[PDB]
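Listed below are the residues making up each chain.
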Number of protein chains: 2
Amino acid sequence: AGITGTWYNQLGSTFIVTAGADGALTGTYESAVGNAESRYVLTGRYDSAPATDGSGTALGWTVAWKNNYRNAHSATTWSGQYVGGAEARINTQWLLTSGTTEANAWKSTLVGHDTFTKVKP
Amino acid sequence: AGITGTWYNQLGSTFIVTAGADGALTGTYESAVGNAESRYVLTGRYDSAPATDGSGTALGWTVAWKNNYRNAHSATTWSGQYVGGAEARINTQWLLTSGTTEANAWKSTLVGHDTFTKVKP
């Protein structure tokens, strides 16, 4: 039990993460949607000493959508919390910002929400 | 890439970041006064091969609000783009998620926007 492991979101993406003792998140992300192919590097942070009152564990991570196969000139950040239990879950909201000209910057950012489970839905 | 260095927002915060050749963002996020109790690890990713058509450079990073002195049980992710030139800027939107119980999860996430400059206010 814990954050370290392989997770899947509701759209079939694969989030392979390690939670280090120092609060570091590392691993790879593979998206089933969008301008993306194969695995991408992710890095992020999580609360390594969460509250003991029943609250979830806050965390966030970033993927820049460049790898050896494609470059979408964009990056997604997921912000959320880990919730333990017999059906562990990470609930997130995300922002996907593209590199744009100034005239197009107003429409540079998509917003959404992803839920991750260790059992693929 | 023009990203490595010290950046300042509109509300008295500062971060020092190194943009690695591979796409890594690493550094420290802190307050204007710069005391140790206000400093936190920052980690993220950026597009290390941006477009050459005048578009910005997509990037994102996370700070979990725990250091050796305090812990807010929360984390912010900034998603945005770097725009170069004599008045360089990092223009972001952010999500700040707190660890909560399930009953309070509906109100776990704040949203906002931050612009960063290289010039100390």
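Residues numbered from 1 in each chain as written, not as in the entry; some residues may be left out. Chains lettered and ligands numbered in written order. Heavy atoms only, no water.

Caption draft 1: Region of interest: the relation of the copies chain B and chain A. Overlaying chain B on chain A yields an RMSD of 2.4 Å, the required transformation being a rotation through 179° with an accompanying axial translation of 0.1 Å. These values place the two chain copies in the arrangement generated by a two-fold rotation axis. Interface overlap between copies: 98% of the residues of chain B at the interface are likewise at the interface in chain A, consistent with a symmetric, same-surface contact. (Least-squares fit on C-alpha atoms. Contact = heavy atoms within 4.5 Å.)

Caption draft 2: Seen up close, the interface of chain B and chain A. Tallying the contact residues gives 42 residues for chain B and 44 residues for chain A. Taken together, both faces of the contact between chain B and chain A bury some 3,000 Å²; the carbon and sulfur share is 56%. Linking chain B with chain A are zero salt bridges. When residues of the side of chain B that touches chain A are traced back to their parent elements, those giving at least two are β4 (40-46), β5 (57-66), β6 (71-83) and β7 (89-98) of chain B. In terms of residues, the side of chain B that touches chain A owes the most to one element, β6 of chain B, which gives nine residues. Taken together, the residues of the side of chain B that touches chain A sort by class into 15 nonpolar, 23 polar and four charged. (Buried area = accessible area lost by both parts, 1.4 Å probe. Salt bridge = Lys/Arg side-chain N within 4 Å of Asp/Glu carboxyl O. Helix = DSSP H or I, 4+ residues; strand = E, 2+ residues; numbered from the N terminus. Nonpolar A, V, L, I, M, F, W, Y, C, P; charged D, E, K, R; others polar.)

Caption draft 3: Broad picture of the environment of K107 of chain A. Assignment of secondary structure puts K107 of chain A in the loop between β7 (89-98) and β8 (109-117). Put simply, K107 of chain A and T97 of chain A are 10 residues apart on the chain and 9.0 Å apart in space, counted from C-alpha to C-alpha.

Caption draft 4: Spatial organisation of the pattern of salt bridges. Going through the model one piece at a time under the given rule, you end up with two salt bridges over all chains. Between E37 of chain A and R70 of chain A there is a salt bridge; the shortest N-O distance is 3.0 Å. Of this pair, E37 of chain A sits in the loop between β3 (24-30) and β4 (39-46) while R70 of chain A sits in the loop between β5 (57-66) and β6 (71-83), and the two are 33 residues apart along the sequence. The exposure class of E37 of chain A is partly exposed, given its relative accessible area of 34%. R39 of chain B is the salt-bridge partner of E30 of chain B, the closest N and O atoms lying 3.9 Å from each other. (Buried < 20%, exposed > 50% of the residue type's maximum accessible area, 1.4 Å probe, protein only.)

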